[PDB]
Each structure stands twice: as C-alpha cells, then as structure tokens.
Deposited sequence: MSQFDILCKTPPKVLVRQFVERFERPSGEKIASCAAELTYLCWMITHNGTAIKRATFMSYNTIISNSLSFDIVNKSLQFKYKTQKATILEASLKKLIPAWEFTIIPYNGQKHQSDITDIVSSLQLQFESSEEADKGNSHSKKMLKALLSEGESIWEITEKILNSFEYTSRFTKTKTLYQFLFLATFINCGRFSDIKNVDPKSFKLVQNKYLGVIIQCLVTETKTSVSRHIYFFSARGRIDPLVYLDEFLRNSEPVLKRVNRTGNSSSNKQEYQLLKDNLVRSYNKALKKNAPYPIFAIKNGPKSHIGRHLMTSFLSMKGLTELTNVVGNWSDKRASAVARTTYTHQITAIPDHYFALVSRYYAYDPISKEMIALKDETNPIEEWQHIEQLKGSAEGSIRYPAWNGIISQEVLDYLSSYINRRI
C-alpha cells in the first residue's frame, strides 16, 4: 500500500520526487504530491520524528481531499492538522521558492455546505441505547457472549475464518482489549504465569498498542460451555504465524498474532450474522463489542475498579509525571480478575471474597496433574510459541 511504499522510498528520493512535480507544472504531477506532502509536513512539524501508519493514512486522506492548486499563479493549498501554519508554509516554500503555499487548519464554502445539506435532507447514541437493551433483557453477559460466539459457528465459509472470528471475539472479551491489542501480540512472548485461583494462565505481550502503553493478553481455562483454552487451541491449529507488518517510517518483533485485515472480514461477518440488533447499526461497535461487553460485565458484577486496568486506560489517579517516568512495570491485572472471568469462582460484594463454585473440576488441582507432544499438535507455531506453553495447552486439551 501507499504507506508501505513511502517506507521503502529514501528520504532524499521523496524530496526529489516532490520537487520534480513542480518543474514541468502538470496537473497530473501536482495532484499526486499528496503522500509526499504528508510526509514532508510531518517531518517538518516533528523534526525527523518517524510517522505511524494510521496517522500517515489519516492525514494523507485529509490532504488528498483538500488539495487544490493554480499552475498559472503557482499557488497550492491544502488542509492539515496544525496550528502553526505559517512556519510550515515557509518551510515548503524554501523547497520550492517559485511557489506560494497556504496550509489551512483542519479543525468553508456555502454552496458546498448547502448541497451537502440538500443531500442529507433526502436521506452514536442509538448504539449505546441498543447495547443497553441487548444487556437489560432476557440474558446475561455470558449468555450474550455464547450467542455472538455461536453466530459464526455455521455462517463462516471456512474453518480458518470460523476459528479466527470466534478466537478473536472471545479473546477481545476476556482481555477487554481492542482488535489491535489482540492482533499485535508478539507470539514469541507466550508464558505461563501463576494465578492463585486457576493454577496457571497463559500470558502474552502487546507493545504496539493505541496509546503506546504495553499490556498483556491472557488465555485461561474457564468453566462451562465457553473455554478460552479451547478456542485458543482451535486458533493455533488453523492460522499460522504472521510477519510483523512495519507500521512506521523509520528503520524488532518478527511476528504478530493475527492478520491486519482480519478485522474487515470479521466486522463484515458480525454485521451480516447480526446475532443482535446493535450489530445492524452502521458505524456501531463491531470488533469493539468484545470490549464493551467486559466493561459492562465488570460493572454489572460490581467491579468497575478493575475496568481501567483490565482494559488499559491511562490511570489518572496518579500524576502523569509519576506514570510517564517513575513507574517501570506494566501494571498487573489483579489475580482475582481471572478467577471471576474463568467462572470457577463468584464475587461476594459483601464478604469481599471469591467464592469457589462447588463444580467438580478444581482449576488448580487439574493443573497439577497436567504439570506432573505439544510441538506435534501445533506445528505451525512450533519454534515460535514457547514449548512449555505448547505442551501445557496440548496436555490440557487431550487431558479433556
């Protein structure tokens, strides 16, 4: 894609190509400066600091949509997310003195506004009210989860896809993370970590998150119909490692858990199977549904205090400076969080305790037996995902 290409082009070459466009003034040539113009405007306002894919993408669009120019008077303007327009205009000019630039703050023309209105005239909150309904009716969060999960069971056209959809969904719910949170997981960071309520849980790491604050992603045995480890198994056995896509203009992590485009097909599917009204609403949550469900679950269950941590929201109860530079360790999802989500335990608002449900299978005890042929079951991830892990999962699976 354009961005990948930008990343492949040498700085001087970019600047080079940008100038050539203005030597033999052509509409064909000036009309495409967009991508380059983006890179330049950024590099200027940030002094060589690399630019991230998404950002380049957004801005490129913004410029491309607003770009306009007069070849005769050598004047070109466009919109950009900035407030020090002048400084930028000056810079651009030094590069092409013969021209006049005019950067317009992103943040109009009547006839446009009008037609736009005249258009609408002929045609978020809704989704929030719909989610409320979805929840505030017959079933529970878990019941809803299973339903959504099952809506893929028969509709999917391939096994990989069915596997991917269900894995992703459940994954996003369990961790209250975004698509990108699950997608950018470094497969080589899978570990078994202890948890006083479940014996052990699988933990991996995501670094390239939205707010650039690393967090862990977990997988663990759950009681009942829905079991993460199971979907994790099905996942591993149908999808293979993905080479970490480059997401910024610069110059280490060779793999990523899912494919960047999984989200489109996922959303598209979730949209069609529409296991609930909410999913019909255009621009309504899609992949993000997982996140909202767990946020609600925690609330409804009376544990909002965990939400921020589980979901990874910069915590404001601590001075920014105190976080930015005096804290050196990815905050921990508290032990009991998993206890609850695993369903082998319940929460007593009064006794402020986890009450192990009298199910016959004890999560801890069963771990012991397992701890007391992995590389064979998951050949694709063999050599990538820790063997210690591949074994645990392999066992756990057969062990059932």
Let me make sure I understand the coverage. Which parts of the deposited sequence, in order from the N-terminal end, have no C-alpha coordinates here? 1, 109-113, 130-136, 265-268, 390-394, 423
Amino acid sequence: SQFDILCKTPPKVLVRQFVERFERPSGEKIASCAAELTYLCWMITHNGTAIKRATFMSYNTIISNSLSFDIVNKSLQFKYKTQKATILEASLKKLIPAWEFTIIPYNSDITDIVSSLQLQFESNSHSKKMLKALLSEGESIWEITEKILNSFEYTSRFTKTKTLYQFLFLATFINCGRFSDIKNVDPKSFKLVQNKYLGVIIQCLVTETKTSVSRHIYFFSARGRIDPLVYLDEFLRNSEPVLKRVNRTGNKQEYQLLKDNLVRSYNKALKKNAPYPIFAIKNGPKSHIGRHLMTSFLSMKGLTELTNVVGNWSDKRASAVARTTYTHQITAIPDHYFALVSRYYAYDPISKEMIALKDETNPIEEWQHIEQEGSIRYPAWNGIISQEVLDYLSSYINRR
From here on, numbers count along this sequence of modelled residues.
Between 177-185 and 312-320, which has the larger average Cα B-factor in the PDB entry? 312-320
Do the CA atoms of 84-92 or those of 282-290 have the higher mean B-factor in the entry? 84-92
Maximum C-alpha temperature factor, selected from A356, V341, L37, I333: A356
Among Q203, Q166, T172, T327 - the residue whose C-alpha B-factor is largest in the record: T327
Lowest, middle or highest third: where is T45 by C-alpha B factor in its chain? middle
For the chain shown, is the CA B-factor of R245 in the lowest, middle or highest third of its modelled residues? lowest
For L262, the third of its chain by CA B-factor is the lowest
For the chain shown, is the CA B-factor of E208 in the lowest, middle or highest third of its modelled residues? lowest
Once the chain's modelled residues are ordered by C-alpha B factor and cut into thirds, is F56 in the lowest, middle or highest one? lowest
